[PDB]
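K.L.:
Supplied in structure tokens, the structure appears directly below.
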Amino acid sequence: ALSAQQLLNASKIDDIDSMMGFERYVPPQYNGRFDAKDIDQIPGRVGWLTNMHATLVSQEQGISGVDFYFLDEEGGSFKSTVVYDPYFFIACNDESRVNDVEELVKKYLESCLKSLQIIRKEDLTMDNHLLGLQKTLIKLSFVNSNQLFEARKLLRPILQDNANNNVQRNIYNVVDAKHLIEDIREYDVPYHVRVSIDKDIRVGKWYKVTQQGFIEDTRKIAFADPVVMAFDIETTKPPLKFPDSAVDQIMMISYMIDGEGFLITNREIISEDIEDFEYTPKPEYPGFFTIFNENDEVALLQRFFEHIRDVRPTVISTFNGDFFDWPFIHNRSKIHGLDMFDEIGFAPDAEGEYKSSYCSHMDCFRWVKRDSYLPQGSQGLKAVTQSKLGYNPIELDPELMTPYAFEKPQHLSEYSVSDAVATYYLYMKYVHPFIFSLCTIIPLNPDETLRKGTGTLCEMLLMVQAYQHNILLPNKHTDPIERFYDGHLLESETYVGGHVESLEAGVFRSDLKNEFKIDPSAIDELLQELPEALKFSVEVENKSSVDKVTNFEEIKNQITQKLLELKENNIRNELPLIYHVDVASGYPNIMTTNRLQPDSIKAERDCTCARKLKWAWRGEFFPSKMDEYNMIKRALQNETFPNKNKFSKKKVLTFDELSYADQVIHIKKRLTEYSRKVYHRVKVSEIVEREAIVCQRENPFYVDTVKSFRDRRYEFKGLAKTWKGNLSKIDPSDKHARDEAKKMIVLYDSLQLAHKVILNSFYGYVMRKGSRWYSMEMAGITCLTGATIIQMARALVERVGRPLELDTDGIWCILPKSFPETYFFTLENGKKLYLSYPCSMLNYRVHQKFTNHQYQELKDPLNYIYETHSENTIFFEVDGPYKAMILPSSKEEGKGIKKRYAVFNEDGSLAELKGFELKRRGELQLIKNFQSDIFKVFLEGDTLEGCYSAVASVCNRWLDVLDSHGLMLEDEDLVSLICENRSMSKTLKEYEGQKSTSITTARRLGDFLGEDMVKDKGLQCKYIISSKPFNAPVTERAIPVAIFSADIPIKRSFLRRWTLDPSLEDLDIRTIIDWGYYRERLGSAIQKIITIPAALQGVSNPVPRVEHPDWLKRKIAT
DNA sequence: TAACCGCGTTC
DNA sequence: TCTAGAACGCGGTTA
Ligand SMILES: O=c1ccn([C@@H]2O[C@H](COP(=O)(O)OP(=O)(O)OP(=O)(O)O)[C@@H](O)[C@H]2O)c(=O)[nH]1
Ligand SMILES: [Ca+2]
Ligand SMILES: [Ca+2]
Ligand SMILES: [Ca+2]
């Protein structure tokens, strides 16, 4: 009877919408033909779709439908409602008797079923579906979703029983219609997704709402301009603690509406009335903020709710507002006897996020977290503003927030409007165009398009294709609770992913000579392939013909000579060429080349059309066999356990009474113990080479969806490279032009990276939990193939140059200055074709060794005729040459550091900075600032030995800071330089039985500040490592840096407690630091970046105060 | 030493 | 309920 609450909320939503200008529109009646070619003749209203929600409407019980919120061409707004019967399917194990099943379900579901019907869809798991055979299904249609759910509850027992054996009575006897129900299908599709897919309606498109339905207006494709608002709230706060929606109150709320700024102030906390002012951090971001100095918090809350109600915003944007701002405003409204929903139509949803019916809430922190491609260290508003808006917003220590409400209140007002300016323009410039364009292809509304996982977005895209090709959706994947290998219980299984190699460390610079040993057989190979490779570069790499290029022979000879000079002088000491080669959309193009997709992975039983491809399976299992396995379960069966309902008539249960899971949970622990004692190892790892069949004739709806999104992303990736060239062609004095060109580059880099995470997820989706198209084989084939290609390329580079670092699909390398480099074919039309010989030599070989010659495609659908052709879209791309690249080395013998380096452009700017602590979130600020100071200095110096001498100076100055026990620095730069920060993904209760600096910091923070400090995850544990107690583990000396700002009484007690020294009176931070610990941290940094890499290049220790490891001193002494 | 964990990176 | 993947560096504990 929950329909009541649902029918109720619909009427509430209907009224809130009309209050905001969204009255329900019903179009005139029309009896002429429905043809989009006569859109101007059909009666109806034209609007721009801005939102969609599922609703329960009565005619004038509840009927399911979808509310579609529009903005019209006359500056007005409205909404329209489409109704559509929810439905799912019943599949049969005997197609000749579906009418019996049909007759049974029509009576068994007499209560909730509205209609039924026999439908055929294409099933990709069925024999002969490639010849036109279809699956026969019963389409069960309902009046609303509540009825659909009841049928599923009524059908699951029949599905549970039909796989639970048949209770027999007369044992001497030799089919029921119930047993003909194989499974239910397409039952877990969200209703609004179902309507958006079947009706082909997308937010962001123009439609004409007529009686016949929605007619897309393809004549207009430019978005209408909604009313957009962004807001930031700032609240008082207990010193050294977090705000509380109960005790603390909102000081002020800054916001901007379509460009115009505002600020409401609570004058019971703000010491003075604030006067209108301007914060325009850059000319392109105007910010004229009118102020509203209200009396009390209640008055502030009512100005906000009244302004919102008057401007009527279809989009409201925040930064982390779903988990702070909106809940704070909601609790402050409740305490003050205000109801947020009745006032602004906003209320928390099933996951604690605040949404409305008429306005989309766009938390920009969701975009940053999912689509920015920004590291977690750079996901704060300040870092996002710097990177994406090109300036520094106003800063303010959060401890100073509540005091400055009284002492310096104008400064507080400037900070709040800074956060406001950043959020509005971040949304309008970045989040708004991306999400609303994405809505035009994804059947979700803006709220969900921004928030759903990228694997769900991929699933949404694939379901469209599958539906529009009449392909039956697979049910969501499910793992077995237990899987076994050679009698051992498996802990985990996966595939061998990407191949990563650390090949060389040290300093490499375009002006510092390097030693090259060139394989003369490699040069002989390149010369044998040269003629065809340049023909390949002309015709395949440039979509051209060798006839129209006029200087083909001159280029051939020029490269030939340079090659031959290298074959005679194998040993060479030349300047380097620091280049990067990487496959463009590697895993996508690997997939499309090999026709990879989950429905193409076939067994030998179920299928020339077959292309055998290899992958590596890796499993982690216990060392115990089955004989041992069953022994522990028997012992667990005799044991008794506590009941999950703490309060129950009963208070204990048996194993067999426990969930098959909790059971396996207990089996896991005991099995681990037994393996640790009898075997001494708890987990055995094994890699098994496997081979899979990929049918080259299967319905390619998946791989076509990847290919289409690949081409979608490439448009923005290409525009970014186009504008990176346009900026290089503008004269340096022509400012503004460079400024707009740089803005275009940041725009298209961002857009293409935001598509890259979706493109990335098309690869990961086949391994996602709940994936409708699961395939471990397809992913393993993709990874192994890329590893085969990247090492073939390394083999060639090894023989004509020095590869430095290798990762998955990319290689960093130095090549001789005299290696064939860049050439330009000239066409009869004067058009020039670019040629990077290092690139095209790899791509010709790639297309010799990895082409798919078995790719098939439907030529004639009516008579099912396939044609085979050769497909290969795997190409290396190239960037460089660069000024410098710095790769660190390990502290251990014969070991490298993968995934960490720094690359510098010829102009001196930083190109790439990978992996280093400087980039990661948290880490020790000392190591952060040291790395920040060091990498630039690697460009100074006239020789390699003089280069290391330049960095050594910074090093010794930083060692001087620590050898001096922080006497040099003022009090601040110390507390800031020696603090280490770490985040806790869970809360501290969830780390039971674990030792870590963050755990110790969190517990000590709670004993001194209260249990409210650990009530939420994501805590920022800021700590220093104390010297005392001596000889104690480091996790036992982590002191939270908040104590040194606490009142003396608390400081001494806890300090004394934490140092195990009750006689301590000296409380000065510098006397508490274990400076030897930090001196060792800096030493390891200097060791891995400077000293050991220098030794590997034959340079005496440039920082002798950092002693070499004993293995390195012995290696040089011999 | 070597196994192992949490966090946050590079792909 | 909703939920893309694996390989890797490093500080730190623990067989
Ligand atoms: O977050 C990520 C990044 C990368 N990958 C996977 O790593 C592969 C190689 O990682 P790349 O960064 O080279 O991606 P790409 O080739 O698709 O992009 P561009 O070089 O054209 O810029 C990608 O093709 C993808 O499958 C992920 O699965 N997730
Ligand atoms: Ca803020
Ligand atoms: Ca790539
Ligand atoms: Ca690339």
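Residue names in the structure tokens use chain letters A, B, ... in the order shown, residue numbers from 1 in each chain, and ligand numbers from 1 in the order shown.
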May I ask you to write as a PyMOL selection string all residues lying at most 10 Å from ligand 3, with only C-alpha atoms (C1' of nucleotides) and all ligand atoms counted?
P.N.:
(chain A and resi 581-589+807-810+875-877) or (chain B and resi 11)
K.L.:
Let me see if you get this right: every residue at most 7 Å from ligand 2, counting only C-alpha atoms (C1' of nucleotides) and all ligand atoms, written as a count of residues only.
P.N.:
5
K.L.:
Please list as a PyMOL selection string every residue within 12 Å of residue 137 of chain A, counting only C-alpha atoms (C1' of nucleotides) and excluding residues in the same chain fewer than 3 positions away.
P.N.:
chain A and resi 88-99+101-102+116-123+134+140+180-186+472
K.L.:
List as JSON lines every residue of chain C that is in contact with chain A, defined as an atom at most 6 Å from one of its atoms (using only C-alpha atoms (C1' of nucleotides)), together with the nearest atom pair and the distance in Å rounded to one decimal, sorted by chain and then rising number.
P.N.:
```
{"residue": "C:4", "atom": "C1'", "partner": "A:764", "partner_atom": "CA", "distance": 4.1}
{"residue": "C:5", "atom": "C1'", "partner": "A:764", "partner_atom": "CA", "distance": 4.3}
{"residue": "C:6", "atom": "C1'", "partner": "A:497", "partner_atom": "CA", "distance": 4.9}
```
K.L.:
When DSSP is applied to the backbone of this structure, which of segment 550-781 of chain A are assigned strand (DSSP E)? Write them out as a PyMOL selection string.
P.N.:
chain A and resi 571-574+576-583+601-602+610-621+640-642+652-654+684-695
K.L.:
Can you work out which residues from chain B touch chain A at a cut-off of 8 Å (counting only C-alpha atoms (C1' of nucleotides)) and hand them back as a ChimeraX atom specification?
P.N.:
/B:7-11
K.L.:
Run DSSP on the backbone and give me the residues of segment 314-544 of chain A it puts in alpha helix (DSSP H), as a ChimeraX atom specification.
P.N.:
/A:326-335,340-344,364-371,381-384,401-404,409-426,432-438,446-451,454-468,520-539
K.L.:
Can you work out the spacing between atom CA of residue 844 of chain A and atom CA of residue 534 of chain A in Å, to one decimal?
P.N.:
8.4 Å
